[PDB]
Each structure stands twice: as structure tokens, then as C-alpha cells.
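Peer 1: Pasting work_10.pdb below, which is PDB, C-alpha atoms (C1' of nucleotides).
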```pdb
ATOM      1  CA  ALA A   1      48.760  36.378 145.741  1.00  0.00           C
ATOM      2  CA  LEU A   2      51.283  35.219 143.134  1.00  0.00           C
ATOM      3  CA  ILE A   3      53.934  34.275 145.690  1.00  0.00           C
ATOM      4  CA  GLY A   4      51.332  32.440 147.760  1.00  0.00           C
ATOM      5  CA  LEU A   5      50.189  30.362 144.796  1.00  0.00           C
ATOM      6  CA  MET A   6      53.676  29.694 143.429  1.00  0.00           C
ATOM      7  CA  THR A   7      55.154  28.781 146.821  1.00  0.00           C
ATOM      8  CA  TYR A   8      52.178  26.557 147.597  1.00  0.00           C
ATOM      9  CA  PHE A   9      52.269  24.477 144.419  1.00  0.00           C
ATOM     10  CA  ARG A  10      55.918  24.840 143.271  1.00  0.00           C
ATOM     11  CA  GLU A  11      55.654  21.805 140.968  1.00  0.00           C
ATOM     12  CA  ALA A  12      52.054  21.606 139.810  1.00  0.00           C
ATOM     13  CA  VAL A  13      52.487  24.921 137.993  1.00  0.00           C
ATOM     14  CA  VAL A  14      54.758  23.591 135.236  1.00  0.00           C
ATOM     15  CA  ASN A  15      52.446  20.744 134.211  1.00  0.00           C
ATOM     16  CA  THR A  16      49.300  22.910 134.350  1.00  0.00           C
ATOM     17  CA  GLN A  17      49.839  24.653 131.019  1.00  0.00           C
ATOM     18  CA  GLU A  18      46.573  26.542 131.540  1.00  0.00           C
ATOM     19  CA  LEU A  19      47.898  28.052 134.772  1.00  0.00           C
ATOM     20  CA  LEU A  20      50.833  29.638 132.930  1.00  0.00           C
ATOM     21  CA  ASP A  21      48.469  31.406 130.532  1.00  0.00           C
ATOM     22  CA  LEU A  22      46.262  32.432 133.455  1.00  0.00           C
ATOM     23  CA  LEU A  23      49.247  33.885 135.329  1.00  0.00           C
ATOM     24  CA  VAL A  24      50.560  35.866 132.370  1.00  0.00           C
ATOM     25  CA  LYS A  25      47.046  37.109 131.571  1.00  0.00           C
ATOM     26  CA  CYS A  26      46.604  38.295 135.164  1.00  0.00           C
ATOM     27  CA  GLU A  27      50.000  40.014 135.094  1.00  0.00           C
ATOM     28  CA  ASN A  28      49.034  41.739 131.842  1.00  0.00           C
ATOM     29  CA  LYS A  29      45.739  42.839 133.414  1.00  0.00           C
ATOM     30  CA  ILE A  30      47.559  44.350 136.405  1.00  0.00           C
ATOM     31  CA  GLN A  31      50.082  46.138 134.190  1.00  0.00           C
ATOM     32  CA  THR A  32      47.265  47.436 131.977  1.00  0.00           C
ATOM     33  CA  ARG A  33      45.480  48.712 135.085  1.00  0.00           C
ATOM     34  CA  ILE A  34      48.612  50.612 136.116  1.00  0.00           C
ATOM     35  CA  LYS A  35      49.098  51.982 132.591  1.00  0.00           C
ATOM     36  CA  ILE A  36      45.484  53.179 132.402  1.00  0.00           C
ATOM     37  CA  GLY A  37      45.981  54.820 135.785  1.00  0.00           C
ATOM     38  CA  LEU A  38      49.013  56.669 134.430  1.00  0.00           C
ATOM     39  CA  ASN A  39      47.224  57.769 131.244  1.00  0.00           C
ATOM     40  CA  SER A  40      43.830  57.084 129.686  1.00  0.00           C
ATOM     41  CA  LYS A  41      45.307  56.422 126.243  1.00  0.00           C
ATOM     42  CA  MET A  42      47.180  53.131 126.306  1.00  0.00           C
ATOM     43  CA  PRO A  43      50.899  53.201 125.461  1.00  0.00           C
ATOM     44  CA  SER A  44      52.356  51.369 122.481  1.00  0.00           C
ATOM     45  CA  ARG A  45      55.836  50.401 123.741  1.00  0.00           C
ATOM     46  CA  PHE A  46      55.611  50.626 127.521  1.00  0.00           C
ATOM     47  CA  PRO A  47      58.860  49.482 129.179  1.00  0.00           C
ATOM     48  CA  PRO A  48      59.249  46.783 131.850  1.00  0.00           C
ATOM     49  CA  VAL A  49      61.580  48.918 133.994  1.00  0.00           C
TER
ATOM     50  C1'   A B   1      -7.860  25.905  51.030  1.00  0.00           C
ATOM     51  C1'   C B   2     -10.968  30.151  53.342  1.00  0.00           C
ATOM     52  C1'   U B   3     -13.128  34.840  57.020  1.00  0.00           C
ATOM     53  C1'   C B   4     -12.483  36.923  61.777  1.00  0.00           C
ATOM     54  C1'   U B   5      -8.817  37.014  65.058  1.00  0.00           C
ATOM     55  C1'   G B   6      -5.542  43.461  67.101  1.00  0.00           C
ATOM     56  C1'   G B   7      -0.058  43.201  68.050  1.00  0.00           C
ATOM     57  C1'   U B   8       5.087  44.606  69.990  1.00  0.00           C
ATOM     58  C1'   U B   9       8.204  48.041  72.180  1.00  0.00           C
ATOM     59  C1'   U B  10       8.726  51.563  75.929  1.00  0.00           C
ATOM     60  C1'   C B  11       7.756  55.076  80.182  1.00  0.00           C
ATOM     61  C1'   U B  12       5.307  55.349  84.987  1.00  0.00           C
ATOM     62  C1'   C B  13       1.891  53.938  89.002  1.00  0.00           C
ATOM     63  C1'   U B  14      -0.370  50.153  92.532  1.00  0.00           C
ATOM     64  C1'   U B  15       0.189  45.467  94.658  1.00  0.00           C
ATOM     65  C1'   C B  16       1.708  40.220  95.497  1.00  0.00           C
ATOM     66  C1'   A B  17       6.276  37.357  95.747  1.00  0.00           C
ATOM     67  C1'   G B  18       6.213  31.116  97.147  1.00  0.00           C
ATOM     68  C1'   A B  19      10.926  30.659  93.587  1.00  0.00           C
ATOM     69  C1'   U B  20      18.842  30.175  93.451  1.00  0.00           C
ATOM     70  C1'   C B  21      13.003  37.056  93.612  1.00  0.00           C
ATOM     71  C1'   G B  22      19.513  37.146  92.801  1.00  0.00           C
ATOM     72  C1'   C B  23      23.090  30.417  88.661  1.00  0.00           C
ATOM     73  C1'   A B  24      25.098  37.119  92.379  1.00  0.00           C
ATOM     74  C1'   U B  25      25.965  38.834  97.189  1.00  0.00           C
ATOM     75  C1'   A B  26      26.655  43.685 101.243  1.00  0.00           C
ATOM     76  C1'   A B  27      25.653  46.387 105.612  1.00  0.00           C
ATOM     77  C1'   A B  28      23.112  47.498 110.291  1.00  0.00           C
ATOM     78  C1'   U B  29      20.711  46.286 114.883  1.00  0.00           C
ATOM     79  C1'   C B  30      19.399  42.679 118.657  1.00  0.00           C
ATOM     80  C1'   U B  31      20.057  38.020 121.220  1.00  0.00           C
ATOM     81  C1'   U B  32      23.182  34.261 122.655  1.00  0.00           C
ATOM     82  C1'   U B  33      28.303  31.617 122.500  1.00  0.00           C
ATOM     83  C1'   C B  34      33.385  33.203 121.949  1.00  0.00           C
ATOM     84  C1'   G B  35      38.540  35.709 120.838  1.00  0.00           C
ATOM     85  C1'   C B  36      40.716  40.838 122.283  1.00  0.00           C
ATOM     86  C1'   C B  37      39.522  42.934 126.548  1.00  0.00           C
ATOM     87  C1'   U B  38      40.473  49.086 128.513  1.00  0.00           C
ATOM     88  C1'   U B  39      35.890  53.086 127.688  1.00  0.00           C
ATOM     89  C1'   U B  40      32.303  53.967 124.195  1.00  0.00           C
ATOM     90  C1'   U B  41      32.557  54.360 118.569  1.00  0.00           C
ATOM     91  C1'   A B  42      34.905  50.522 115.581  1.00  0.00           C
ATOM     92  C1'   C B  43      35.851  44.972 116.223  1.00  0.00           C
ATOM     93  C1'   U B  44      37.659  38.780 116.560  1.00  0.00           C
ATOM     94  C1'   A B  45      33.767  34.524 114.339  1.00  0.00           C
ATOM     95  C1'   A B  46      30.246  31.308 114.551  1.00  0.00           C
ATOM     96  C1'   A B  47      24.877  30.817 115.509  1.00  0.00           C
ATOM     97  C1'   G B  48      19.622  32.783 115.731  1.00  0.00           C
ATOM     98  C1'   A B  49      16.121  36.449 114.643  1.00  0.00           C
ATOM     99  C1'   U B  50      15.273  41.030 112.380  1.00  0.00           C
ATOM    100  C1'   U B  51      16.015  45.862 109.509  1.00  0.00           C
ATOM    101  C1'   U B  52      18.084  48.509 105.528  1.00  0.00           C
ATOM    102  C1'   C B  53      20.313  48.516 100.811  1.00  0.00           C
ATOM    103  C1'   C B  54      21.886  46.950  95.493  1.00  0.00           C
ATOM    104  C1'   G B  55      18.859  44.369  92.187  1.00  0.00           C
ATOM    105  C1'   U B  56      14.312  40.649  90.388  1.00  0.00           C
ATOM    106  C1'   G B  57       9.691  38.001  88.864  1.00  0.00           C
ATOM    107  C1'   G B  58       4.187  37.866  88.315  1.00  0.00           C
ATOM    108  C1'   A B  59      -0.360  40.555  87.956  1.00  0.00           C
ATOM    109  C1'   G B  60      -3.353  44.787  87.517  1.00  0.00           C
ATOM    110  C1'   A B  61      -3.755  49.895  86.051  1.00  0.00           C
ATOM    111  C1'   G B  62      -2.367  54.655  83.202  1.00  0.00           C
ATOM    112  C1'   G B  63       0.177  57.260  79.093  1.00  0.00           C
ATOM    113  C1'   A B  64       3.545  56.893  74.685  1.00  0.00           C
ATOM    114  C1'   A B  65       5.912  54.863  70.575  1.00  0.00           C
ATOM    115  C1'   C B  66       1.812  52.100  66.715  1.00  0.00           C
ATOM    116  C1'   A B  67       0.607  52.358  62.632  1.00  0.00           C
ATOM    117  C1'   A B  68      -1.883  47.807  61.773  1.00  0.00           C
ATOM    118  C1'   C B  69      -1.817  45.337  58.948  1.00  0.00           C
ATOM    119  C1'   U B  70      -1.959  40.851  60.475  1.00  0.00           C
ATOM    120  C1'   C B  71       0.829  36.727  63.279  1.00  0.00           C
ATOM    121  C1'   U B  72      -2.153  33.031  65.455  1.00  0.00           C
ATOM    122  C1'   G B  73      -5.465  29.491  66.752  1.00  0.00           C
ATOM    123  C1'   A B  74     -10.638  29.002  66.622  1.00  0.00           C
ATOM    124  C1'   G B  75     -13.799  26.745  61.459  1.00  0.00           C
ATOM    125  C1'   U B  76     -15.980  23.162  57.658  1.00  0.00           C
ATOM    126  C1'   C B  77     -10.494  24.732  55.545  1.00  0.00           C
ATOM    127  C1'   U B  78     -11.999  24.659  49.001  1.00  0.00           C
ATOM    128  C1'   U B  79     -10.872  21.784  44.420  1.00  0.00           C
TER
END
```
Now, as a test, write the supplied structure out as C-alpha cells.
Peer 2:
Amino acid sequence: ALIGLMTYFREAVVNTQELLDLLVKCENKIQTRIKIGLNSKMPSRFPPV
RNA sequence: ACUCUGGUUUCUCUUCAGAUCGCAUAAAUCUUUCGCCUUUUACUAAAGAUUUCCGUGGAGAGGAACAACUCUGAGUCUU
């Protein structure tokens, strides 16, 4: 989904400052979903590796 | 310048509260709008409606201190 959106617009992303917040929020939601899958209690300093 | 006029304080009970009950100020629940959002229990902060709580006034009632004289106005108040 992300590559589809970013390779469709490719220029309209930078000016849409709301889209950047939306994208990072969605990425955080996905990472939180994975972290909750790993363990019910959320981590404090989960790594990006 | 006169006779009668009956106190104040305090402890409880029962109710009504308009009023800054309160020249002070919390919490809970619910309903919406949000901010975190990841699940309640806690929350972000504005609104609306409620509940509880800390206190309050007025009135009535019942005991105690009070022990009552008299304050006091009523008046023919007097030379």
C-alpha cells in the first residue's frame, strides 16, 4: 500500500503535510500491532532492527 | 419621667434552600466533541447533564447552660 501511494504521487506527498503525519501514524500502528503480537505488554525501547 | 415587656449561649432532631448555600472549591458517573490510542482500570481537555463529598443559611421542634433580672419597644412618659 505504501509503495503504491508513494510511487503514484511522488511529488504531492511533500506538500501535503497532513499526509506525512498520516503515513507515520499508520507505520506506528503497524509496528504497534506487531509488538502486541509479540507480547501483550508493550515494550519501552523497541529497536528498529 | 413611669409599669409590663423574659433573654443569650450551647447540644441535638426535622425540614426548606432561591442566594457567591461556599467572597472557597474536589471527586465520580453518563452523554457528546477531541488528544493518546493497545485492553480494561487509570487518562489528554473542553462542553452538557447528573451523583457523591467537604462545608453553609433560614425556619420549626426537643433538652441543657439560665439564673433573670431586665435590655427593648409598646404608653400618656411625670414635674
Peer 1: Expand the PyMOL selection byres ((chain A) within 12 of (chain B)) into the explicit residue set it covers here, and present it as a PyMOL selection string.
Peer 2: chain A and resi 25+28-37+39-43
Peer 1: With distances taken over all atoms listed in the file, which residue among B:75, B:57, B:62, B:22 lies nearest residue 3 in chain B?
Peer 2: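 Going through B:75, B:57, B:62, B:22 one by one, the smallest distance to residue 3 in chain B is for B:75.
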Peer 1: Quick one: residues within 12 Å of residue 60 in chain B, all atoms listed in the file counted, chain neighbours fewer than 6 positions away excluded, as an MDAnalysis selection string?
Peer 2: chainID B and resid 13:16
Peer 1: Using CA of residue 21 in chain A and CA of residue 38 in chain A as the two end points, give the distance in Å to one decimal.
Peer 2: 25.6 Å
Peer 1: My list of candidates is A:44, A:49, A:11, A:6. Which is closest to residue 23 in chain A when distances are computed with all atoms listed in the file?
Peer 2: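 Of A:44, A:49, A:11, A:6, the one nearest residue 23 in chain A, counting all atoms listed in the file, is A:6.
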Peer 1: Do you know which residues the PyMOL selection byres ((chain B and resi 30) around 8) returns on this file, as a PyMOL selection string?
Peer 2: chain B and resi 29+31+50
Peer 1: Can you give me, as a ChimeraX atom specification, the residues this file yields under the PyMOL selection byres ((chain B and resi 45) around 12)?
Peer 2: /B:33-35,43-44,46-47
Peer 1: Could you state the separation of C1' of residue 10 in chain B and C1' of residue 23 in chain B in Å, given to one decimal place?
Peer 2: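 That distance, rounded to one decimal, is 28.6 Å.
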